[PDB]
Amino acid sequence: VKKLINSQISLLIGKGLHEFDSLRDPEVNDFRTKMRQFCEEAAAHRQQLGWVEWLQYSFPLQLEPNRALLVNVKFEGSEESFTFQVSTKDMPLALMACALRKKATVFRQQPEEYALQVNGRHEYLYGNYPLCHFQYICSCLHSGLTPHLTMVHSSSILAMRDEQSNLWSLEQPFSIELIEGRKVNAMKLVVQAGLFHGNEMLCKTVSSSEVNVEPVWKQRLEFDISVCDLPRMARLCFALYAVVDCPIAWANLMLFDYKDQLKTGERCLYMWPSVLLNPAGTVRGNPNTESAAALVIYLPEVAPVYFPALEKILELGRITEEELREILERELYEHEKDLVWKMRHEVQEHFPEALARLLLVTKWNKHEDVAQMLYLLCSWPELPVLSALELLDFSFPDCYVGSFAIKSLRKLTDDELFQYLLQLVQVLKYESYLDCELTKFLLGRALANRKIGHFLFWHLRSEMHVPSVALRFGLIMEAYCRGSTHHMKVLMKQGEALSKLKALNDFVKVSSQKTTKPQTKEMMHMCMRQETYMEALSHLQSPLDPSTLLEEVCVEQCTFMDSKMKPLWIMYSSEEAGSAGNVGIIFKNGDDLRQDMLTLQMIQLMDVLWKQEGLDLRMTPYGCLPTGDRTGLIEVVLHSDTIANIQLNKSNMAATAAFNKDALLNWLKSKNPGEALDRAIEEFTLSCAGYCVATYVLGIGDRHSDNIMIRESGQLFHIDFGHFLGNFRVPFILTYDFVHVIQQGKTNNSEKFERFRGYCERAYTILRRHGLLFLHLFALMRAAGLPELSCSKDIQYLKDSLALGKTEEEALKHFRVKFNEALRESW
Ligand SMILES: Cc1csc2cc([C@H](C)Nc3ncnc(N)c3C#N)c(-c3cccc(CN(C)C)c3)c(=O)n12
């Protein structure tokens, strides 16, 4: 039933669908209808995809950014398997041919008709790529583990597809009548009003008269800008404050509606509380109409006037110094700005990637200048992905510019889209209207790729407790669900597990304050062994990675950390995956995990860029996902311990040492006996170099032995990222105990130590080359509202850390000084 689906979406998204109809908002109604049709169209296209196309949608390939290898292969409808010896250069089709020839000798009598599933995972090996190019095979080679694959026939893939079915005349200056206000404060009240195009003012800010603290103004506010000169994306901003400075509230609105009509007349603005004008703030009123301060205003009836159509704009827009023009196109003076504007046609024809610089010099408060800009923009060639990411920033608020950025971003591969999905979702917070190119783009890509769909859902769902986005995000999630009824049910199962984990964690938090850890753990186990818990916590796709299946919860191995937020440690097992089904998740409630996730995704991007230059620093890109209000999951890295635990140098252990400095190296030796130690020290050195560079570039502070971990392989990694971008200028950090392992336990080992400095330098030089990408991504991230990523000073931190202004030689000299200063600071 359609009524059951509506109740299922309401429970899933955390907002009743009946709440959308109650708003009596035509913009909400049109978004709902239009996006339902768009998403149902994508669903219709999906149900008819060929079986290889269904594989690409549901299990997109996980590829890396000669030698012999053993692979265990079984068929779907059999327990029997065969261990084959293939090459790392061999294609999956060669492996499938071997599997079918071996099955032919057993059963006594087409590789193209199969795909190779990774046992116990929603992950497949298919296509013309050597086995070593697959992330699963690559991971198996580094750990020494044998790949375990399953031959799945095309009929079985199709069975999965089927089961998962669904104007220029108005020259008068702009003016408003400020009628009256509302709510309490301590003084007189002043309403400051500003007209903006993004962060930049269209005219000077004008204030109304001071009135003592239900205020009544009934005052005319006039602005130094003509009505015909108002850009399409013009934003009228307000700030209500008190004076003898005491900020009270703020409110913004678009001067044109979603249907391009210039707004008239009376508007009641339900204001948002403050920390004075906030141009980047939402243009939708505070939904808490009971307690919110309100500001009533009147927009004069200029008569029904709409913003001129594109055909009209283009018609109006249609109507040796080259040396200095080139040098400035690599903050600028007023004469330089006029040079760019005068030679705008030459920018289009010979310097198209300088469009951003041209957009920042155009006079957005003059409609003739805008029409001239838009005429060039509509015939402007498509720009690279890097250029388009810059154009998504609030510094480029025009709708045609926004539509241009999206058009250039259609060439993003699913892998690049996934890499930047977090920032693209944050850009939605800068959006002026509900129906927009970015939402249509995100919804389209999400419905064409199940992994993208999963993370788009969770990035939106985890922000539903935030009033300023709840409406927009709820509507996008409802639209998505219309596009995939099956994935909606898959996501509901995840939500049911998270609901139980929250309830379980609340119980643990209460119990842990009354009794011992063994007693709370046994009580946690008793709660989990209840049928409702056993059922809800088992057989789901991990919110951290939909390719990871969490089969049977292993209650005996579940525990909690008897500190701070009392996070839970949840273990799983799967007979179908064998040792690969043994995975864990950490559930944590009480901390905002958004910065933790951003820090880990930024380190993961560093790893990708390094690998693209053939540099593998053996990083540990474990998952971290916010799922709700101060709630999230962390992927467990098994076979790892904290540096602090190892450094405790406990007795009757294989790691016990004569000197504390040897505990870490002895731990490594105990986990890597004989010939394996060399490989382990190498893994430690590489990862130590990656994390030294990463923590330095990102300004990660408060680093101690309790928030640094080591894998049994030797790979070092970081946990509990509470602080970044120097928010307590953090120096480069070298630790003597780590230098000691690098130096193979020798006091003097310049050969090993300088190989390590070489790793650090190469890692650093690579990131500098992609410096602009980090700046563009962090600029989009400002939209998230993270307190450590609020201003220009936070972005300036990356510029200084990557030394972007300097030359490669100057930067490397400067980095070498910071490394030497850290080496001297290390005892
Ligand atoms: C019970 C529990 C609930 S949350 C939690 C976290 C951790 C560690 C700190 N973090 C991580 N571990 C693995 N993968 C990760 N991605 C993280 C993270 N982030 C441990 C833990 C693990 C091993 C060794 C010790 C040291 N102990 C013996 C003194 C602690 C732990 O036991 N728990």
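Numbering of ligands and ligand atoms starts at 1, following listing order. All residue numbers in this chain count up from 1 along the given sequence.
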Participant: Does the pair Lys500/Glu496 count as a salt bridge with the N-to-O cut at 4.0 Å?
Facilitator: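 Here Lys500 does not pair with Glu496 in a salt bridge, since their nearest N and O are not under 4.0 Å apart.
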
Participant: Under 6.0 Å between ring centres, would you say that holds for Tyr736 and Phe659?
Facilitator: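 No, ring centres 6.0 Å or more apart.
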
Participant: Protein heavy atom under 4.0 angstrom of atom 27 (N) of ligand 1, is there one?
Facilitator: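 Neighbour list for atom 27 (N) of ligand 1 is empty of protein heavy atoms (cut-off 4.0 Å).
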
Participant: Closest non-hydrogen protein atom to atom 9 (C) of ligand 1, residue and atom name please, with distance?
Facilitator: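 Scanning the protein heavy atoms, the shortest distance from atom 9 (C) of ligand 1 goes to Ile719 CD1, 3.5 Å.
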
Participant: Under 3.5 Å between any N/O of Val637 and any N/O of ligand 1: does that happen in this structure?
Facilitator: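 Between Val637 and ligand 1 (N or O atoms, distance only) the closest approach is under 3.5 Å.
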
Participant: One thing to verify: whether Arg121 and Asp545 come together as a salt bridge, which I'm taking to mean a side-chain N less than 4.0 angstrom from a carboxylate O.
Facilitator: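 Answer for the salt bridge query: yes.
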
Participant: Can you list the atoms of ligand 1 that are under 4.0 Å from a heavy atom of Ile634?
Facilitator: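 Answer for ligand 1: 16 (N), 18 (C), 19 (N).
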
Participant: In the protein, what heavy atom is nearest to atom 11 (C) of ligand 1, and what distance, to one decimal place, separates them?
Facilitator: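 Here the closest protein heavy atom is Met709 SD, 3.5 Å.
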
Participant: With no hydrogens and no angle check, is any side-chain donor or acceptor of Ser538 less than 3.5 Å from a backbone partner on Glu535?
Facilitator: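 Pair absent, no side-chain N/O of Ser538 close to backbone of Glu535.
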
Participant: Tell me which protein heavy atom sits closest to atom 6 (C) of ligand 1, plus the residue, atom name and distance to 0.1 Å.
Facilitator: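 The answer is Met561 CE, 3.7 Å.
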
Participant: State which residue, out of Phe560, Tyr622, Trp569, fulfils the side chain to side chain contact (heavy atoms under 4.5 Å, CB included) condition with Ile586.
Facilitator: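 Only one of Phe560, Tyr622, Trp569 forms a side chain to side chain contact (heavy atoms under 4.5 Å, CB included) with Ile586, namely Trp569.
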
Participant: Using a 3.5 Å cut-off on N or O atoms only, is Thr642 in polar contact with ligand 1?
Facilitator: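 It does not: no N or O of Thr642 is found under 3.5 Å from an N or O of ligand 1.
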
Participant: Hey, which atoms in ligand 1 end up nearer than 4.0 Å to a heavy atom of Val636?
Facilitator: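 Reading through ligand 1 atom by atom, the close ones are 14 (N).
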
Participant: Quick one: look up the protein heavy atom nearest atom 16 (N) of ligand 1 and list residue, atom name and how far away it is.
Facilitator: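 Going atom by atom, the protein heavy atom closest to atom 16 (N) of ligand 1 ends up being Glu635 O, 2.8 Å.
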
Participant: Considering only non-hydrogen protein atoms, determine which one is nearest to atom 3 (C) of ligand 1 and report residue, atom name and distance to 0.1 Å.
Facilitator: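 Minimum-distance protein heavy atom for atom 3 (C) of ligand 1 reads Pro567 O, 3.4 Å.
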
Participant: Is it true that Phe732 and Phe815 have ring centroids separated by less than 6.0 Å?
Facilitator: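 Yes - the distance between ring centres of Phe732 and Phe815 falls below the 6.0 Å cut-off.
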
Participant: Between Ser670 (side chain) and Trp667 (backbone), is there a donor-acceptor pair under 3.5 Å?
Facilitator: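 Confirmed, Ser670 side chain pairs with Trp667 backbone.
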
Participant: Assess whether a salt bridge exists between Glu463 and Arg594, defined as any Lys/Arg side-chain N lying under 4.0 Å from an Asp/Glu carboxylate O.
Facilitator: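 Looking at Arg594 together with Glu463, the answer is yes, because their closest N to O distance falls below 4.0 Å.
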
Participant: May I ask you to identify the nearest protein heavy atom to atom 24 (C) of ligand 1, giving residue, atom name and distance to one decimal place in Å?
Facilitator: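 Checking every protein heavy atom, the shortest distance to atom 24 (C) of ligand 1 gives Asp641 OD1, 3.4 Å.
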
Participant: Starting from atom 2 (C) of ligand 1, find the nearest protein heavy-atom neighbour and note its residue, name and distance.
Facilitator: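 That would be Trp569 CE3, 3.6 Å.
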
Participant: Judged by non-hydrogen atoms, does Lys588 sit under 4.0 Å from ligand 1?
Facilitator: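 No.
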
